[PDB]
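A.B. asks: Before I ask anything, let me first share the structure, which is written out below as structure tokens.
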Amino acid sequence: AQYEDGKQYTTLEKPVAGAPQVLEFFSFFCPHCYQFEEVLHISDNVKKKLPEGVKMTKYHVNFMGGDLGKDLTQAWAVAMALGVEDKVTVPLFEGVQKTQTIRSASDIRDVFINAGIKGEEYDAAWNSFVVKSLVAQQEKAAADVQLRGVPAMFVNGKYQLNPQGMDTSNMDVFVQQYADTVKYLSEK
């Protein structure tokens, strides 16, 4: 076939019922994730090829960066609740991997302040039980799928993207192959 189990994707031994249609996992500590976001724009190019009716979900993970890793998962929950993902994603990635100016929860907070979220609004969100359950959701989705590595994408709780099985000689070709695969898995 052109799309083969174990080549552009793997199938989960243990499918996850009720899962988001397109589910992406990342870490602000993850070097390929940085690439996926700032150089490749994977999430974005996947949207452009997804059918109508398809919701896209992106969660942060705890297993990189120890204590700061967990802080980042709570901040991403804050980012999701206030709807400010598109304003903090780039400065978080760069504060962690490029400038290395993010070393504490207070430094994460600064990124949100600079992006224009008000202190009061951030600290209220940070401490809210709505953010507590969003953190819970991020952890459960990762737990549900055996997750030990990022970046990772899952389609309909049954298929997992396998980017190691795509040519990387050309970055644009890699992205389209990735996106087309997501669409194929989408229609499966």
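Going left to right, the sequence shown walks through residues 1 to 188 as PDB author numbering numbers them.
Every residue gets a Cβ at the ideal spot worked out from N, C-alpha and C, and that includes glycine.
(1) In whole angstroms, what is the alpha-carbon distance linking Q164 and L82?
(2) Just list the beta strand (DSSP E) runs in the segment 35-79, keeping only unbroken ones of 3 residues or longer that don't cross its boundaries, in chain order.
(3) Please list, in chain order, all residues of the same chain as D5 whose beta carbon is under 7 Å from its beta carbon, the five residues on each side excluded.
(4) Let's see if you can read the secondary structure: which residues bound the alpha helix (DSSP H) around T89?
(5) For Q21 versus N156, is the C-beta distance shorter than 7 Å?
(6) Measure the beta-carbon distance from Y184 to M166 and round it to whole angstroms, keeping in mind my assumption that it falls under 8 Å.
(7) Could you give the distance in angstroms between the alpha-carbon of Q35 and the alpha-carbon of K188?
(8) With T10 as the anchor, note down where its beta strand (DSSP E) starts and where it stops.
(9) Per DSSP, which residues does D5 bridge with? Please list them.
(10) Mind checking who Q160 pairs with in its DSSP beta bridge?
(11) Can you tell me whether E187 is helix, strand or coil according to DSSP?
(12) Apart from the five residues just before and just after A79, which ones in its own chain have a Cβ nearer than 7 Å to its Cβ?
(13) Would you report the Cα separation of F25 and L92, rounded to the nearest angstrom?
(14) If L72 and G65 are in contact, beta carbons under 8 Å, what's the gap, nearest whole angstrom?
(15) By alpha-carbon positions, which one of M56, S186, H32, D172 ends up nearest to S43?
(16) Measuring only the C-alpha atoms, how far is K158 from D144?
(17) Go to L23, then tell me how far its alpha helix (DSSP H) extends in each direction, as first and last residue.
C.D. replies: In terms of the structure at hand:
(1) 35 Å
(2) 56-60
(3) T11
(4) 85-93
(5) Yes; because the gap between Cβ atoms is below 7 Å, this pair is in contact.
(6) 13 Å between Cβ atoms; not a contact.
(7) 28 Å
(8) 9-11
(9) DSSP lists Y9 as partners of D5.
(10) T10, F154
(11) coil
(12) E85, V88
(13) 16 Å
(14) With a Cβ gap of about 7 Å, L72 and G65 count as contacting.
(15) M56
(16) 11 Å
(17) That residue, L23, is in no alpha helix (DSSP H); its beta strand (DSSP E) goes 22-26.
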